[PDB]
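In: Sequence and experimental coordinates follow.
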Amino acid sequence: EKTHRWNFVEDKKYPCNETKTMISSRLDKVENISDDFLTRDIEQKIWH
RNA sequence: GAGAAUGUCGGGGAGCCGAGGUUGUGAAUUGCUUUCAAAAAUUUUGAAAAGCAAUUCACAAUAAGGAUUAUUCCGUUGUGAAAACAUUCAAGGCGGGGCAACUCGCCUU
């Protein structure tokens, strides 16, 4: 921060694909599975 | 000026529910008034009936009304003479959801 800025409200936060983030955090809490189960199709199915 | 994304503040419409209140029916108790109808000294006491109620409980209706048997409803909104409308509105197919009814998406006319 001491040397740059990013053209946007310097104290504002912007959504960055929160959906898959939540799905992934909760699908990581589940454990006892491979770290590849969350694919695009499975993500869409969970969201639906 | 237009659009897309992200926040803030407001506005509108629709929907699933809840608690009273009011009026009326019945009951428990206590009253006011009138009349009967006795007893007693125009006045006092007692039974019955009617009017008006109070406190509490169960129940019925809650815009007059009109449908219907679906676990459905229309009745205080706007336009305007057509007493006619708006506020529901096609067809398929490929899927998700469930105990299933039913609910949420995708594809082409």
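Out: In hand now; what should we look at? Residues are numbered from 1 along each chain as shown, chains lettered A, B, ... in the order given.
In: burial count for residue A:44?
Out: 11 (other Cβ atoms under 10 Å). C-beta: built from backbone N, CA, C; applies to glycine.
In: How is it classified with respect to secondary structure?
Out: helix (DSSP: H, G, I helix; E, B strand; the rest coil).
In: quick one: residue A:39 from residue A:13, how far?
Out: 28 Å (Cβ to Cβ, to the nearest Å).
In: who in chain A is up against RNA strand B?
Out: For chain A, the contact set with RNA strand B under Cβ under 7 Å from any atom of the strand comprises A:12, A:14-15, A:45, A:48.
In: Export the residues you listed to CSV and append columns for secondary structure and neighbour count.
Out: As requested, the residues of chain A next to RNA strand B are exported to CSV (DSSP: H, G, I helix; E, B strand; the rest coil; neighbours: other Cβ atoms under 10 Å):
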residue, secondary structure, neighbour count
A:12, coil, 6
A:14, coil, 6
A:15, coil, 7
A:45, helix, 9
A:48, coil, 5
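In: Quick check: the farthest pair among these?
Out: By the measure Cβ to Cβ, A:12 and A:45 form the most distant pair in the residues of chain A next to RNA strand B, at 33.0 Å.
In: picking up where we left off before, just the residues of chain A next to RNA strand B now: which is nearest residue A:24?
Out: residue A:45 (14.2 Å).
In: What strand or helix carries the residue nearest the centre of chain A?
Out: Centroid check for chain A by Cα atoms, centre = their mean gives residue A:21 as the closest residue, at 2.3 Å. Per DSSP states H and E, residue A:21 falls inside helix A:18-29.
In: name the helices or strands packed onto that helix?
Out: Helix A:18-29 sits against helix A:40-47, with contacts defined as 3 or more Cβ pairs under 8 Å, 6 or more residues apart in numbering; DSSP states H and E.
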